[PDB]
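Residues 433 to 626 (the entry's author numbering) are what the sequence shown spells out, left to right.
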Amino acid sequence: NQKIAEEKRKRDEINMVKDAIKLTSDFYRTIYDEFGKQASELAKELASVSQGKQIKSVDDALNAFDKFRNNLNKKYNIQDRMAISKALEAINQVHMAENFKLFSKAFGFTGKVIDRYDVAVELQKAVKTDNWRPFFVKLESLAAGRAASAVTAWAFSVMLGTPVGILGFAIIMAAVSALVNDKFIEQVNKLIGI
């Protein structure tokens, strides 16, 4: 029966990769429908740059993200971030874990993937309080081997499960950029008119 189990393992990995690719194409198309063409292309470019690449230190990410924050807070207030965190409250944990596994497989993250819903809870807290250091520490900690693939997969798995609005989209993508590549933050700033 060892033979049959091994054949099933091979078949199941192949089907996992198939499901992952379909999930990413679907994700880009729903990003297109919900936030626009430029947002979809930004997500595509960021997921591309993330594959194979390594993340930055928490200090560098927090520097770029503090720039993004101080630009954001001059036009968007606390009611807006409260709306974002209330939207994040509606994440389905099982769906998020499965989407995280699939996105990790799709972006080249070969590490074993855990349900990291706690990072989403910390995201809610950080959006409410504008205190972002513990969130970034946890996000770095889930990136096994400093892999940006993991952080991009986690962000996409979070955004898939809820309708966060363009503001929450911009905030999440700006955090991912700060960890992966500051270059996108500028583009992110164009989505929310800043």
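Here a beta-carbon is modelled for each residue, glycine too, at the ideal position from N, C-alpha and C.
query                                                                                     : result
Residue range of the unbroken alpha helix (DSSP H) whose run includes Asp562              : It is not in any alpha helix (DSSP H) - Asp562 carries neither H nor E in the DSSP assignment.
Assigned exposure category for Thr561 - 16 Cβ within 10 Å defines buried                  : exposed
For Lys442 and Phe532, the rounded distance between their alpha carbons                   : 21 Å
Beta bridge counterpart(s) of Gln486 as assigned by DSSP                                  : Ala579
Cα-Cα separation between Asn503 and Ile626, rounded to whole angstroms                    : 7 Å
Burial state of residue 432, where buried means 16 or more other Cβ atoms lie within 10 Å : Here the chain has residues from 433 to 626 only, and residue 432 is not among them.
Pairwise C-alpha distance: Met591 and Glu521                                              : 12 Å
Through-space distance from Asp512 to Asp444, alpha-carbon basis                          : 43 Å
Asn433 to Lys544 span [Cα, whole Å]                                                       : 26 Å
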